[PDB]
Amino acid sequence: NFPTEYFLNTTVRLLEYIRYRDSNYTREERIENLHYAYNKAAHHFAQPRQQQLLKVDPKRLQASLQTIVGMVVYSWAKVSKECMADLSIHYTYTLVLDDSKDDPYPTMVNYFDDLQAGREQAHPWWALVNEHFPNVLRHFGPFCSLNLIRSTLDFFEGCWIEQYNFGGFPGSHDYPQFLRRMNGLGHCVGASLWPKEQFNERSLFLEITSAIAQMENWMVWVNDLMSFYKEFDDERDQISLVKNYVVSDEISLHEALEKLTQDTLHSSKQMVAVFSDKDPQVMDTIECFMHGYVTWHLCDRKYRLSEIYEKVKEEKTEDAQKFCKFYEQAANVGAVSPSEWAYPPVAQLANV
């Protein structure tokens, strides 16, 4: 049975800590960006070479793309439309990689030599991603770019490790966060929040670096938390950060969940307790990311949190109501029909 109240309590706390509230991001602007990002991406993924080197089921690509654009537009609120579009493509590539069962070994045998010689990579994924990377990198300074490149490389190894469906050896306490950081894209996400057009990598080096280090853990743990509901009974999903704590540390799913909430809540508090008295433009980007990121989760049908809403909408409980109050907040600005932006389907663009 799902820890419905415990979950609710933790969710409301996280929200208060981060100061979850209303933004000046109008539903009309969201639709403007949503359609803009989706429109550049669908046309990209619809090109021939893309269509033939990126092995993904058409229906899942469409879904993945819509999910990713949703997350970007809603979290990288302050960057430009082009930046959202370009980050949408890169994060859709990374999402798509989890669909491969194919062992990377054979295609990674000459990874370095091909890289150093300027020859196209053997693994089709790497071929598309490195070819398109400049489009994403042009929006950043050398420091931030370096973070993206590294994180994406970590991501690749993360996916490789996961093909083994390995939650860790009982007793290997370091395995869980090791794996979560590899497939997390923490430094990618974190360093992509600062476009050299609205920020100065050098003048803000300390804050940017710090953000990356704190955002890496907030971003991944918040996702682990919000996802805890859909993954609860997913017998297919076997190696989540929480399921690994269970196996690696040898504790109950409950205790594992306790560790996650403790880390998440704390991560939140320190985030706030560090950026408030910091360059406003910076705290704004950070604060907006947190809120949008949370909105997206509550709104995307992928996380099915509306099921929880529908099951506690009527209760005189303090949390139960605080949750709904929050939920309806995100709903009012985030519940947009895909028909208003995500069109036409990638498949149709590719067939033309």
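Heads up: residue numbers just count along the shown sequence, starting at 1.
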| property | result |
| --- | --- |
| Entry-level comparison of average CA B-factors, 271-279 and 162-170, reporting the higher stretch | 271-279 |
| Residue stretch of maximal mean CA temperature factor, 317-325 vs 284-292 | 317-325 |
| Maximum C-alpha temperature factor, selected from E157, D102, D113, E258 | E258 |
| Selection by C-alpha B-factor (highest) of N33, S306, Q47, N39 | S306 |
| Third of the chain, ranked by Cα B-factor, where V312 sits | highest |
| Entry-reported Cα temperature factor of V352, expressed as the chain third it lands in | highest |
| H187, C-alpha B-factor rank within chain (lowest, middle or highest third) | lowest |
| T26 - which third its CA temperature factor falls in, relative to the rest of the chain | highest |
| Relative C-alpha B-factor of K230, binned into the chain's lowest, middle or highest third | highest |
